[PDB]
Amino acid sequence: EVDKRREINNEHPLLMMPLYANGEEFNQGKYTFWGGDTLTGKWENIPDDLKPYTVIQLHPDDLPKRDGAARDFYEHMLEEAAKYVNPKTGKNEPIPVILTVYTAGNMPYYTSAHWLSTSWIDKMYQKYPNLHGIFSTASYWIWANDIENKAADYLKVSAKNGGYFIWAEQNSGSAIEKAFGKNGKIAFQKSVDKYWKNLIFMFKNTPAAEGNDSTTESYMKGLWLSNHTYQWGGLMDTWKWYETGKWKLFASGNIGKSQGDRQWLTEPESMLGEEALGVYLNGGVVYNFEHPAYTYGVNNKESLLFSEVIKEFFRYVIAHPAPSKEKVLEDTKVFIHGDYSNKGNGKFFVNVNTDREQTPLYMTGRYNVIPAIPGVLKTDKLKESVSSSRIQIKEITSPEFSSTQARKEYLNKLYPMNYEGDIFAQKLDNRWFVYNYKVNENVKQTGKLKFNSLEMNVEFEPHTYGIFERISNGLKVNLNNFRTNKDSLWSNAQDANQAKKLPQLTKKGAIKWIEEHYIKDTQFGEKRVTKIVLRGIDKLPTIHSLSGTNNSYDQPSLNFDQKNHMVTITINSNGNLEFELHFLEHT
């Protein structure tokens, strides 16, 4: 094995920071990115605590579809990255880079990436120590004839140089299964047998109308646990709102795929944190987002989605490393072997742990994410692990998985019910993770969670998550319900018919909207109420270390009921929030 250029694991997670080439400006002789970020300015802006865990991902976007364009742009940017000097210290501190090398099947009618040879990639790895990996993304919808063969070559050239091959794909049309050899294209399967330590496989949740979120995430987890990938993660995409035909938040009616640029702006900010918790809580460590102008920002400035949700979430996963492969294996009671494409795809989990076909969220954490691998693969390396001795490995064609009811009956015997209420909750060590799982319905949810004898009841509005940690002196609370008001994007439309007919915002228009109405002059959402009730408390708790999004929260209200040894905490907020409550239990 060649020494790895970087570590990627629970203690060293990875946030990919996409920069998309501006092809129109490239035609004018300029080297720029859509949204106005610069490579150097963007990197400088990344908080110093995050720099060790963040890598710039160049994407060739609409560069000219002909030989040389992508090489020219990428070499320019690799040079800029290589020569970067930290202005505080004066030292050359090369910026770490990942190159997008494969997308849209590398069809010459879809992408400039077609004209990036493996030879060139090898040359760039050898020239630039700061090139840490290469990225393939979004070919599930155009599964080119040689895609598996090329993936093998990308993984091999990465292993040769100590870099990572990172592949983000969703299981549309059996893509994940095909990648590993389902239809007889086995070059990548064979490559993985040798080079899996240099592979990162991620979901890409963009094609949301097809409902493959749960099954793709299951595969990503299972591939990792069975040593077919070094680590896993997910690309979480606000374009899902377009794919599913949603418009104004909570409105009725469906507008289809008709208002793209308005639609990718509308997903609630905090909902990206809810999606990301599914990666974290299941041992994933790599995160990426689209649309970048909304999820990260523009003009070397952080969007509020980035600053108030993604940045704080990512800091959390650095401070509290995700469960290790060993831990996740120990916790796994059931491991599925077989093809979700033959068992209804995402429908497999509907009314098991998802509430509907088209969602990136879960309705219970009881089973967390059940890991799986495609039928074409073997569970040999899984069984070889010291930590897999108590796992039931089951064929997907088992009677236990034949129907929704059979699945729950079988799983319920191995995963005990561990909380009450119709809400998402999952426990890790001394921490309850909770979120309201509604996507586009304005319905409050409630749960009852326990820390031994201490009872905690919560009431959450949609697009609200919380992390509640029992600490020696009380409870640490992290809460995020940040959701700005996007109604202005949908003004002049009183129903779905009118919304579908709105003038197109356009790509440039959406970037301008972000600049003039999101980065500044932001239409913040209304403060909204979260309730937390603790039962089994000795005396009125005290509050400590209260902070959160500026101007986003009222002072929490504590109402202690001595007779009943309970406190009711009422929070009115819209943002991220954190505090500690100090108390003793009543005995």
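Note that residue numbering follows the sequence shown and begins at 1.
Enquirer: Could you settle it for me: does 135-143 or 81-89 have the higher average Cα B factor in the PDB entry?
Expert: It is 81-89.
Enquirer: Mind pulling up the entry and telling me whether 150-158 or 408-416 has the higher mean Cα temperature factor?
Expert: Mean CA B-factor is higher for 408-416.
Enquirer: Would you mind finding, among 9, 22, 576, 568, the residue with the largest C-alpha temperature factor in the entry?
Expert: When the deposited C-alpha B-factors of 9, 22, 576, 568 are compared, 568 is largest.
Enquirer: Which one of 183, 266, 214, 440 shows the biggest C-alpha B-factor in the PDB entry?
Expert: Reading the PDB entry, the winner on C-alpha B-factor is 183.
Enquirer: With respect to C-alpha B-factor, does residue 118 fall in the lowest, middle or highest third of the chain as deposited?
Expert: Its C-alpha B-factor belongs to the middle third of this chain's values.
Enquirer: Please rank the C-alpha B-factors of the chain's modelled residues and tell me whether residue 401 sits in the lowest, middle or highest third.
Expert: For residue 401, the deposited C-alpha B-factor lands in the highest third.
Enquirer: Could you place residue 526 in the lowest, middle or highest third of its chain by Cα temperature factor, using the values in the record?
Expert: CA B-factor rank for residue 526: highest third.
Enquirer: Going by the CA temperature factor in the PDB record, which third of the chain does residue 37 belong to: lowest, middle or highest?
Expert: Its C-alpha B-factor, which the entry lists for residue 37, ranks in the middle third among residues of this chain.
Enquirer: Compare the C-alpha B factor of residue 544 with those of the other modelled residues in its chain, then answer lowest, middle or highest third.
Expert: CA B-factor rank for residue 544: highest third.
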